[PDB]
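Here is the structure we will look at, set down as structure tokens.
With ideal geometry, Cβ positions are generated from the backbone for all residues, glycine too; neighbour counts draw on all protein chains shown. What is reported rests on the model, the rules as stated and the sources as named; these are not laboratory values.
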Ligand SMILES: [Cu+2]
Ligand SMILES: [Cu+2]
């Protein structure tokens with residue numbers, strides 16, 4: 001954690017733009033976080049970096065490898081290294097939007113400051129969400145804490161419930177996007193499940209200064225076609241083999257034997273073979289579905305390379321959320337997991353009820369009570385480390401707090417985990433969204449431990465303490481819970497809502513912490529990012545109580561005593 005070490009790490013990712021089997025991908029080219037060949041070389045470099053004898057040696061071969069290796073590859077590999085090396089514990093890694101400002105700021109803005117029009121598509125209304133600097137940044141960091149190439153034996157340690165977190169992090173990005181479509185009066189996103197459908201287009205307007213090239217645009221009307229490395233009918237075959245297994249209740253291992261998709265580990269098993277991580281039980285049979293969709297959608301404009309055009313924004317984790325088809329593709333992937341959760345039996349009163357506890361009231365305090373206000377806000381970005389500043393505007397909300405009045409009818413002190421979620425009340429056509437439909441649109445706002453003393457209790461919690469968000473990201477000139485960069489953007493905690501004020505259900509559930517607790521640095525954004533070197537500190541399935549099918553029609557009829565829904569309104573300006 002010495003400042004000396006931080007400054008040295010800070011120099012490694014300064015103006016970016018034994019090592020035999022590294023240096024296959026060219027400098028200047030756009031690195032793909034999803035293509036198998038690209039990730040294999042990324043693995044080799046972070047393996048060299050973790051094998052390095054000490055911090056003196058790690059900085060040495062690293063300083064050495066960046067002079068000839070691709071800068072995307074190097075950044076990926078160097079961040080996995082800083083994050084997992086014991087000697088690097090305490091050290092931050094500098095903002096990705098500062099390393100490569102050209103992946104977060106428009107091509108025009110970069111051009112308009114190098115040594116110094118009107119809207120025609122409704123999707124532009126949602127650019128505040130998809131093109132947000134912090135959301136794209138988070139997505140980069142999330143995949144580096146949880147990489148698909150992670151080999152648990154090599155590193156001597158497991159990433160707990162990584163397959164289940166792949167599912168949950170991506171289900172939440174989709175659920176949060178839909179709250180933004182409905183906020184803007186639009187329908188919920190449809191899944192790209194017929195692979196013969198023509199895709200809608202997107203032009204990213206992002207240059208790749210390192211070579212004077214760009215992330216290739218996608219016109220409207222192209223349909224997925226076979227690339228040299230994969231055929232589309234092979235992806236249809238992977239989807240069918242997975243649904244098969246989901247409906248049978250078991251998965252077939254490489255040795256031909258049957259692993260069962262039980263309630264404990266089934267989501268994790270399935271997450272490992274759908275994304276396709278190293279931990280997949282049978283890669284030759286189930287494939288690499290999620291990651292091959294990213295690749296075929298990213299190179300759809302040049303399936304076989306003859307045009308020598310770079311991939312689209314879908315090939316990178318720092319830019320894929322910008323593209324509207326990211327959500328179509330991930331709602332299709334979320335449907336695979338949703339088809340599995342539906343084979344699970346609805347929770348019983350016993351698993352939901354926390355018996356002597358009764359939540360009596362919930363109030364959101366914020367200028368006007370039970371109303372949250374959002375607006376746009378400017379921020380600058382320093383471009384001199386990856387040029388000087390560039391201003392942009394993002395969604396932000398006003399600070400708020402929750403006041404939950406609990407009644408502990410026990411004669412002793414209980415310990416509870418307060419679970420807070422937010423879900424829209426109506427759809428864009430004024431209809432009440434039924435209980436089961438809410439499962440797909442409920443976003444996690446918080447999860448924290450509280451102590452309940454007998455009788456009346458009033459739990460106060462502040463929006464800034466949210467277990468979903470990153471509370472701090474120090475700039476490059478700052479470096480010259482803690483030190484990790486994963487976490488949802490604070491300014492994007494709740495949705496935009498509209499000018500009249502949109503209705504949202506604020507759900508609060510209190511469960512028994514002595515049943516949820518599992519046995520720690522970087523728990524700032526625990527919900528979405530987990531904890532460093534520790535297993536996920538909640539035994540309940542991610543998204544509880546919304547992951548299994550709810551058979552009641554209205555969600556208020558689903559409520560037990562330890563649950564409460566307060567209807568609030570989010571208003572924009
Ligand atoms: Cu992702
Ligand atoms: Cu993805």
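Taking the criterion of being assigned to a helix (DSSP H, G or I) and either in contact with a strand residue (DSSP E or B) (Cβ under 9 Å, 6 or more places away or on another chain) or within 10 Å of ligand 1 (Cβ to nearest atom) (or both), the residues of segment 317-328 that qualify are 320, 321, 322, 325, 326, 328. Total residues in segment 218-234 satisfying the condition of being farther than 15 Å from residue 288 by Cβ and part of a loop (DSSP other than H, G, I, E, B): the figure is 8. With respect to (1) within 16 Å of ligand 2 (Cβ to nearest atom); (2) out of contact with any helix residue (DSSP H, G or I) (no Cβ under 7 Å at 6 or more places or on another chain); (3) assigned to a loop (DSSP other than H, G, I, E, B), the lone exception for residue 149 is condition (2).
Looking across segment 283-302, the residues that are assigned to a loop (DSSP other than H, G, I, E, B) and surrounded by fewer than 18 Cβ atoms within 10 Å (Cβ to Cβ) come down to 301, 302.
Per the listing 297, 238, the residue uniquely within 16 Å of ligand 1 (Cβ to nearest atom) and within 27 Å of the chain's Cα centre (by Cα) is 297. For segment 26-78, the set of residues classified as surrounded by fewer than 18 Cβ atoms within 10 Å (Cβ to Cβ), outside any helix (DSSP H, G or I) and over 28 Å from the mean Cα position of the chain (by Cα) consists of 26, 53, 54, 67, 68, listed by residue number. The helices (runs of 4 or more DSSP H) found entirely in segment 411-527 that carry 3 or more residues being assigned by CATH to the domain that holds residue 380 and farther than 30 Å from residue 80 by Cα are 435-441, 513-516.
State the number of residues belonging to segment 251-263 that are assigned to a strand (DSSP E or B) and buried (at least 17 other Cβ atoms within 10 Å of the Cβ). Reasoning before the result, please.
Pass one, segment 251-263, residues assigned to a strand (DSSP E or B): 251-252, 258-260.
Cutting the leftovers down to buried (at least 17 other Cβ atoms within 10 Å of the Cβ) gives us 251-252.
Qualifying residue count for the region: 2.
Would a scan of segment 264-272 turn up a residue that is outside any helix (DSSP H, G or I) and closer than 24 Å to residue 143 by Cβ?
yes
For residue 181, the test of being away from ligand 2 (no atom under 14 Å from the Cβ), in a helix (DSSP H, G or I) and surrounded by 20 or more Cβ atoms within 10 Å (Cβ to Cβ) is passed.
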